[PDB]
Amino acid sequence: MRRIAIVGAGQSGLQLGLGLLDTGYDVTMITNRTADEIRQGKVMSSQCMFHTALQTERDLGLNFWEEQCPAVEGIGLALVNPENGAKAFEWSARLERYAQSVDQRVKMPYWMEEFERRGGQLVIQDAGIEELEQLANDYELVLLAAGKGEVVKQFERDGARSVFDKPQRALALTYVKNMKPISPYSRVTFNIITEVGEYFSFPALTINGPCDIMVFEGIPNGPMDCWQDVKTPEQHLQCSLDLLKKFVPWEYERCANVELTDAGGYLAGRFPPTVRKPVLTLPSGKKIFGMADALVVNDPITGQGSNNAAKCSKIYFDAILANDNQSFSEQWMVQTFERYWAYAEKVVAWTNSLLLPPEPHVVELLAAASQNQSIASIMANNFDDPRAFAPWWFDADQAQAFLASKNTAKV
């Protein structure tokens, strides 16, 4: 086997490193935060991973919290008019196989300790250009999986693949205890508030047990872009509740007794969606290979970043083993990233489309699910593989042919 270095101890980097270790490769992992620092820090994601991604962890024996984590059993969607609070339509459908959200503050520190137990070499360091030169001399392949850390900006922006150059949503997360559950099955409670933003919630597992995550995505400078003024945890929770009272009262009804899970259970921020070129050439001329968010970053849940990172780790693992004792040349890196892009391209197109006003046929497609449960089930289960939204999500004639087929079948 081979000697691999990975920079960044996140979803894709640890999944790939752990599977490589179990298959006899030597892996060194450089990362800027210790496992205890991650445990003691702020939340970093709402990390809802769907069945196929969860299964990539299960196959590696890395689903350590499946027994402890509440299941996310379906998808709900409502389109809301902020003026009158009226729902243009609403629907929900079970997922065929459940999703789970295990707080990265739980998963990554345990995975990091598991990495060291499996014989991995863990180095705590802030990798800059000079650090990457050292790894490039010492290892056969250096993977940069640093997520949104700005060493990632050293990869060239792909202007042909990046539709946006500025943040499309103001993000906020709130982890709470005591939210009322939804009978008879849990679901992601997607609320599209027209020209305002999106709210959704789902159960999850965090550092002190099961909880629910509130996710706000505000169109910038709009009514939901109010987090720049929030600082204290109490102001954050109060802003979360005030937004639900104003725009989503049925979700607010679930929140009479909520409290933050812990002092780090909240986050606010924003970042542009971006696609980058996969190979970084160092001043020495040695090559660094990007992976997951370092190269393809999107906006939460529909951006699917944890799901993408898990699936990306499996594609890179398969490509590494398939390369045997050949060099990890720039050609092999580009070919491997294009295998990932062959998956992610359509996922990116789908999530990008939801950041903008919906095409009239997409409103028609989403609205049809409220009258045809078989369409709602297709929509919900396509979260497990958003490639299946193509072609009808993107082509109005394909959309009408899809609807014409579903409703003639309904008879």
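The numbering used is simple: start at 1 and walk along the sequence shown.
Mean C-alpha temperature factor, higher of 125-133 and 316-324: That would be 125-133.
Between the two ranges 94-102 and 262-270, the one averaging a larger CA B factor in the entry: Per the deposited B-factors, the answer is 262-270.
Can you tell me which of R187, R169, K177, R157 has the highest Cα temperature factor in the record? That would be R157.
Highest CA temperature factor in the entry: which of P223, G74, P109, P210? Of the candidates given, the C-alpha B-factor peaks at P223.
Among the modelled residues of this chain, does the Cα B factor of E359 put it in the lowest, middle or highest third? Highest third of the chain for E359's C-alpha B-factor.
Where does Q11 sit by CA temperature factor within its chain: lowest, middle or highest third? It belongs to the lowest third of the chain when residues are ordered by C-alpha B-factor.
Of the three thirds of its chain by CA temperature factor, lowest, middle or highest, which one includes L143? CA B-factor rank for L143: middle third.
Cα B factor band for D26 (lowest, middle or highest third within the chain): It belongs to the middle third of the chain when residues are ordered by C-alpha B-factor.
Ranked C-alpha temperature factor of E198 among modelled chain residues, by third: Lowest third - that is where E198 ends up once the chain's C-alpha B-factors are sorted.
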